[PDB]
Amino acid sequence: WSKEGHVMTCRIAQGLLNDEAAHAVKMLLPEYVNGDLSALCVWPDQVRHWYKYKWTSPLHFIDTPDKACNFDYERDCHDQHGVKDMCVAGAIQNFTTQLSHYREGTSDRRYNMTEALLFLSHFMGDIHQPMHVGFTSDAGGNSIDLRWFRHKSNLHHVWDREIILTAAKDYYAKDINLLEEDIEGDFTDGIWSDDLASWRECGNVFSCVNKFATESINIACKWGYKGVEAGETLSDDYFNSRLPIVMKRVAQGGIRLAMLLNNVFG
C-alpha cells in the first residue's frame, strides 16, 4: 500500500489492541506522534531507498512465477540471489519473533523493537495488497503500464493507491478518515461482520502469513490481472468492481495485525 492503505490498516489495527498491546506500542513509539502508530507505518517505505537498509528491499513483496497463480514458500520466499526467507512472508515471521523478546527482554541490543514494530505493522499491510504477491516477470504489476482515467499509472499503483484516492475523492471529499470509518463499519455491523473470527483463525504465524499470501495471489489472478491489457484505460467498471476487494484487504490486514500484536505482547 501507499500512504493511505497503511494509515488505515494501522488506525484500524490500533483500535483493536488489548491493554498489554496498547501499552507496548505507546512506549515503543516516539513522543512526536502522540501514540499514533499510523503516523509511522510508512516509515519502512522511506528507508527502503537508503543504502543502510538496502536489505529491506525484497521484504515488501513476494514474486510468484508467471500465470502460476499460487504461492509456495520455499519456491517463492527468497530474494533475487536465492537467499532463503527474504520476502514479506519471511519478514513478518522475523519481526514478530523479534517482538516476542520485548516483554521478557532477552535479546540484549541485537534488535530494535521500535523498528520491528514499524516493519511488522507495515508488512502486515503489504502482504494483503494483492499485487504484493503477483508475477515475477511484470514486477507485481509495476511494469504493466496503463492509464487510470485521465493520467498514466500502472496496475500495481492502481491497487497501491489509485482505487483508494479515487474512492476518497469521489465519495468522501478526499477525507481518508471517512473512507476508513466505512471500512471499519463494513466488518463491525455490515457485509463482513460474520467473518471476523474467520479472518482471525490461521494458526501459528507461519501458517497465517502463508494463508495471507495465498489469498493475495488468488485475488491478484482473479481481480488483479484479469481484464487488464497494457497501455489500455481502466474505467468506472474496473474501479467500481474492485473497490470492495481493496477495502476488504485494508480491513483484513488491520484485523490480522491487531491479532498478531495482541499475541506478541500478551
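One-based numbering along the sequence shown.
In this entry, 238-246 shows the higher mean Cα temperature factor of the pair 238-246 and 6-14. Remark: stretch with higher mean C-alpha B factor among 92-100 and 171-179 is 171-179. The entry lists C-alpha B-factors for 192, 111, 159, 123, and the highest of these is at 192. Within the selection 223, 212, 50, 61, the deposited Cα B-factor values reach their highest point at 223. Annotation for residue 73: C-alpha temperature factor in the middle third relative to the rest of the modelled chain, per the entry. In the PDB entry, a CA B factor belonging to the highest third of its chain's modelled residues is recorded for residue 165. Among the modelled residues of the chain, residue 144 sits in the highest third by CA temperature factor in this PDB entry.
Per the PDB record, residue ranking by Cα B-factor puts residue 233 in the highest third of the chain. Ranked by C-alpha B-factor against the other modelled residues of its chain, residue 128 falls in the lowest third.
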